[PDB]
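This report concerns only the one structure given below.
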Amino acid sequence: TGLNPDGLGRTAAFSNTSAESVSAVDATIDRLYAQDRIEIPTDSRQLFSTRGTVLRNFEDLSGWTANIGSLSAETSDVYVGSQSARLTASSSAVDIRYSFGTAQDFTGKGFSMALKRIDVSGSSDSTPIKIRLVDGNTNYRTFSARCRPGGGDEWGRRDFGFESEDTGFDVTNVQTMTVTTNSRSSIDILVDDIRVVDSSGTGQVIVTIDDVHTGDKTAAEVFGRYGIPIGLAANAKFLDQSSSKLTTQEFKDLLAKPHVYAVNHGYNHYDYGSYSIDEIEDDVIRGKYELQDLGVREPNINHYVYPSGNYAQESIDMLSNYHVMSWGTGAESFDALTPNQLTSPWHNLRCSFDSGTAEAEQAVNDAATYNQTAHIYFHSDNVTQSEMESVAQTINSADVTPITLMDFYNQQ
Amino acid sequence: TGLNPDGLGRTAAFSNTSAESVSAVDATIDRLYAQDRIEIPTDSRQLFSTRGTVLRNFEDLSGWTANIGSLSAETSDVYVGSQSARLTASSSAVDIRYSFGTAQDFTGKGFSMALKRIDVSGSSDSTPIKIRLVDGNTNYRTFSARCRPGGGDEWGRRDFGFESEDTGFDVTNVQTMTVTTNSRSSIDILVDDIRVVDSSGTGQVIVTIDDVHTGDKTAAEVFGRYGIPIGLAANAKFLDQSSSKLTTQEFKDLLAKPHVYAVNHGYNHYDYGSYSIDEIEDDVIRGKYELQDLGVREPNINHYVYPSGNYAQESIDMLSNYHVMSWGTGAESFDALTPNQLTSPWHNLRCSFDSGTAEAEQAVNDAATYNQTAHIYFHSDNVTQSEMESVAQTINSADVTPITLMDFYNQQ
Amino acid sequence: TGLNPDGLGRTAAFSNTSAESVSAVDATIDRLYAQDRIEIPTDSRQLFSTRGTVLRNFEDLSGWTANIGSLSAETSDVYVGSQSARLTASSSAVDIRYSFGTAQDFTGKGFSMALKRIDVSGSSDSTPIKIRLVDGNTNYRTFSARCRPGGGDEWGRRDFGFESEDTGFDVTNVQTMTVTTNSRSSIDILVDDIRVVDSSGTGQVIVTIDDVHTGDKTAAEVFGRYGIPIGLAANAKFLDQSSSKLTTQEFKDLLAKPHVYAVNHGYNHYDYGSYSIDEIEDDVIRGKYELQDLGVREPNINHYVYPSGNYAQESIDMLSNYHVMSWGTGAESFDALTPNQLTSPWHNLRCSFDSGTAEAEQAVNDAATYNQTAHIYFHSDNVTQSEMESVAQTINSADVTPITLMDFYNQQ
Ligand SMILES: [Mg+2]
Ligand SMILES: [Mg+2]
Ligand SMILES: [Mg+2]
Ligand SMILES: [Zn+2]
Ligand SMILES: [Zn+2]
Ligand SMILES: [Zn+2]
């Protein structure tokens with residue numbers, strides 16, 4: 001035992017102690033048996049924010065022309081440097097453009113930008129924001145991301161997915177770059193700090209299945225036919241609730257298959273806005289430990305997927321104590337697509353194929369074509385076996401590496 | 001000190017506590033002094049299992065020709081997808097061939113495959129399994145790995161070491177690939193999911209010395225002449241037992257040398273089958289903490305070398321709580337060799353040079369020539385100083401990077 | 001709660017416990033809430049020491065000729081192998097030369113060497129040591145590092161920054177390697193194990209600001225104008241001391257900016273030699289936990305910058321329990337400079353630009369030109385805003401990636 005430790009207050013020398021909960025200011029442990037971390041040491045929020053090189057700076061707007069809408073310096077609400085740029089428009093799209101002092105070669109370069117939504121209203125309270133490159137021939141190439149409420153309420157980087165290209169665009173001879181939106185009754189959004197990242201590696205695909213439906217069994221068989229790895233974005237309360245969701249044994253048996261892995265999606269799927277940050281934190285913590293009891297270990301259980309795609313900087317700050325990376329939701333090919341090097345592991349989206357495989361298969365083919373990473377997702381109740389087989393065969397026939405979320409985060 | 005925590009049961013507010021053992025469900029620690037992990041958060045077993053791309057699928061056997069032996073679909077027992085290939089043969093080898101719809105280029109690629117042993121019997125209950133590529137000239141190039149009892153009793157991936165090449169083989173212009181065994185009185189094995197991985201980097205060499213014999217001093221001096229890293233696969237009980245084993249001070253002094261590092265080999269060298277999984281787990285745990293007391297810290301002490309080379313999925317499952325990677329034993333060049341990218345950190349072997357340096361020097365030259373990683377090993381009682389000098393000069397003269405196990409795992 | 005644990009001595013079954021300090025031999029924790037590590041599991045001291053390939057081993061001095069000074073095989077005192085080279089000179093420099101058996105190509109290679117100071121005296125206690133390549137035209141190219149008291153008192157690898165080049169030096173056709181010093185009344189230094197590492201990737205810049213002076217606000221704006229990331233080498237006691245040092249809220253606000261990160265510099269700036277190792281360890285530990293309370297999380301708070309640049313192997317040994325990487329100080333361009341691949345994360349220096357920007361802007365231009373990493377530093381009280389703008393524009397105009405210390409360590 002020894003004698004009692006040094007000091008005042010209740011001090012005790014024990015042999016063996018059992019407790020439900022231990023709070024300690026400091027703990028000196030000679031040998032630690034604690035593989036099941038809830039609270040992770042890594043804060044991922046700002047690690048990736050300053051990768052690559054700043055291509056466009058916004059610190060002086062003399063080089064930018066407002067083509068449509070309006071542009072002004074914002075020196076109070078600054079992402080980086082001395083100022084950011086306010087983009088503002090009424091009943092109109094905004095389009096601003098910058099002309100290079102010499103021809104730019106952007107072969108193997110992906111694009112990223114800082115964004116904050118102040119106001120957007122019209123056909124949606126959101127807009128696609130599009131980085132358009134333009135060549136010496138006036139062909140465009142478009143990369144895009146979504147400015148939304150919640151996830152855009154505070155400054156956050158988007159890593160832009162390929163969207164479209166005018167046939168024969170000369171990426172070696174880019175003469176201007178342009179930033180533009182859909183038209184709305186009101187637009188007020190801030191931007192800053194455009195970054196260029198090396199994306200010269202192969203294209204890559206990530207597949208996630210949400211919400212632990214019984215069809216995940218047939219999904220695992222289908223995507224298994226080409227060794228494509230599936231992430232089960234798992235809610236542990238949903239297991240054994242009904243015939244429509246996996247049993248505990250089915251989930252464990254699925255995760256034993258070498259291509260299936262689990263990521264956290266909250267114990268009871270508590271989404272942002274629908275619940276308080278505290279209740280979501282409990283859902284996150286409980287999701288983590290329940291999945292760890294089901295054998296989901298560290299590199300896997302460091303990933304989270306936003307319940308119902310809802311998020312904000314509030315939820316990101318909370319989640320950063322427990323997870324390193326998270327994914328939202330979108331309907332279109334550019335939502336799935338990111339450069340291979342991220343600059344935010346929190347803000348990026350996934351393309352749904354619950355509504356039809358077109359946008360996902362467009363993303364997979366574009367991932368191959370333009371050397372990008374595509375994240376595609378579904379619920380296995382919504383999607384038929386034939387739809388899964390279309391996507392699986394698209395991925396097998398494309399020039400992409402199918403990868404886990406763990407692999408993708410390890411590449412950063 | 002404060003007042004007692006919220007709750008029923010025995011609750012206590014302490015200042016300073018000492019314990020031999022603490023069991024907690026929840027531990028909230030504001031500052032952690034616990035560098036010596038026993039139980040690691042990372043589960044390496046299935047992380048690497050979906051690296052690279054599935055080259056050959058076994059999901060439809062219409063494309064496979066049974067040259068010798070016999071081939072059938074297994075659908076009750078499947079690594080990946082809807083099916084796996086059963087290979088069955090009597091008083092013969094099995095050899096199955098797939099002819100490509102167009103010429104294949106495998107320059108800088110390495111190969112991997114999923115395997116399970118159902119039965120093998122004859123002169124040995126084990127076989128080399130060989131992936132043979134064949135060119136437009138009918139030159140072969142062969143890579144291989146071993147199907148063994150224990151390590152093949154459940155599905156596991158092998159990552160295939162180069163073995164042989166017919167002079168002038170055109171790796172750019174492969175027309176067919178072949179899976180084949182040695183001849184045996186009975187063969188019954190399942191295969192699935194052949195994977196191609198990028199191995200276009202330089203060749204690499206890893207040297208391990210097992211069981212802490214006193215000759216490790218001369219070994220350290222010899223391999224030190226060319227700064228080649230030595231892994232001591234260490235049993236901490238063996239230190240100070242006899243004049244034939246290192247003293248504690250000698251072992252610490254060896255590890256202070258910049259090229260020497262320690263990996264776990266069980267406190268008392270308990271091996272699979274010879275002892276229960278529980279006893280081996282205790283030996284693994286004690287090995288880890290005794291070596292940590294001797295100063296062997298995290299990236300080093302995350303590696304384990306199987307005692308007497310014995311293992312199975314039972315032991316891998318247990319070891320995955322404590323270690324990230326383990327290595328078995330073999331006698332030939334294709335044992336030492338792997339692609340630079342593994343798909344299993346658990347199933348791969350090492351070539352002995354206890355009996356003679358030939359197959360190890362072959363492995364080093366193959367690693368240089370064909371861009372692969374070679375792991376070579378010995379006991380320093382079995383090997384004379386001039387034999388070590390032959391191997392050390394072989395490594396120094398070859399085009400390979402000599403690396404640590406830590407470096408190799410960080411590259412995955 | 002359950003019944004009391006197995007054992008003699010004081011045993012207890014608790015529900016909820018609170019403690020200031022817990023000492024445990026074994027802790028079995030089912031769910032760990034301990035993001036704030038003080039003791040890190042990783043021991044970085046010898047991980048990188050045996051990267052790359054040994055070029056000159058000094059294990060046979062038949063190939064070496066003294067141009068000036070004297071040389072012997074040191075067999076009593078050896079970094080690597082059977083021997084080291086003892087370099088000794090009186091009232092003179094030393095310069096020793098090895099002729100290559102053929103034209104070496106060192107395009108994209110960087111250089112590293114083991115060093116120990118026995119004695120250096122005269123005009124200084126210390127010397128630049130230069131690795132000095134000679135081409136087929138008798139042009140030199142020079143890389144260098146500093147031999148000093150303290151940091152050189154025990155064997156430690158230096159990774160050599162570019163220093164100078166005779167115009168038109170053919171790096172593809174190198175004919176002789178030379179090792180040389182400044183002239184001194186006494187020189188007695190041991191060298192061993194010259195290593196070659198691949199540094200063919202892009203050049204890189206790391207910017208650190210020391211000692212939390214209020215000018216860090218203007219620095220954040222200036223380097224922010226180009227998205228270059230700043231490391232605050234932070235002392236947590238200094239916050240709120242004076243108008244001349246940041247407030248706690250200013251420091252937190254600074255670290256919320258995506259390009260500003262914090263690294264430890266000791267709670268109260270206790271430097272080696274000035275205080276005992278125990279006092280410095282307390283300063284290191286308190287620095288770590290106070291900065292963790294300010295929100296500085298794991299990958300950031302795993303870096304430490306030496307207070308007043310003072311260090312030895314004693315401090316490195318102690319620091320290795322808490323940090324992975326540390327940086328000293330120097331006045332000149334080669335002090336900033338390293339290959340992209342280190343071999344010691346502990347012995348490398350930073351170039352001051354407190355005394356004018358010239359040597360740092362030389363280092364930035366050389367980082368671009370020769371594909372190297374440059375670490376530059378200042379105190380924001382010493383440096384005017386125009387000097388910061390000169391450095392910031394130098395970095396933005398150069399061909400370098402500006403990076404965090406975290407990014408740099410993740411690349412190793
Ligand atoms: Mg700005
Ligand atoms: Mg299969
Ligand atoms: Mg030596
Ligand atoms: Zn969901
Ligand atoms: Zn052994
Ligand atoms: Zn300082």
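Just the heavy atoms: all of them, side chains too, but no hydrogens, waters or symmetry mates, feed the values below. Per chain, numbering begins at 1; letters A, B, ... match sequence-line order. In listed order, ligands and their atoms are each counted from 1.
Cation-pi check for C:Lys245 over C:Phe238 is met; the charged atom lies under 6.0 angstrom from the ring centroid and within 45 degrees of its normal. Within the cation-pi definition used here (under 6.0 Å to the ring centroid, within 45° of the axis), A:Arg195 does not qualify as a partner of A:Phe111. Judged by the 6.0 Å and 45° rule, A:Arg56 forms a cation-pi pair with A:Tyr98.
Within the coordination shell of the Mg ion (ligand 3), defined by N, O or S atoms under 2.8 Å, C:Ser82 is absent. Counting backbone and side-chain atoms alike, C:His379 contributes no N/O/S atom closer than 2.8 Å to the Zn ion (ligand 6). At a cut-off of 2.8 Å, A:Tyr79 does not coordinate the Mg ion (ligand 1) through any N, O or S atom. One of the N, O or S atoms belonging to C:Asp192 lies under 2.8 Å away from the Mg ion (ligand 3). Counting backbone and side-chain atoms alike, C:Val80 contributes an N/O/S atom closer than 2.8 Å to the Mg ion (ligand 3).
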*Tell me, with the steps shown, if C:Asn264 and C:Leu291 meet side-chain contact (heavy atoms from CB on, under 4.5 Å).*
CA-CA 8 Å; C:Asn264 187 25; C:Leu291 290 168; 3.8 Å; yes
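Under a 3.5 Å cut-off, the side chain of A:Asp192 and the backbone N or O of A:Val80 do form a donor-acceptor pair.
Between B:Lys217 and B:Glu221, no side-chain nitrogen of the basic residue sits less than 4.0 Å from a carboxylate oxygen of the acidic one, so the salt-bridge criterion is not met.
Taking the Mg ion (ligand 1) as reference, the nearest N/O/S atom within A:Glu59 carries the name OE2.
Angle OD1(C:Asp211) to the Zn ion (ligand 6) to NE2(C:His265): 100° [nearest 10 degrees].
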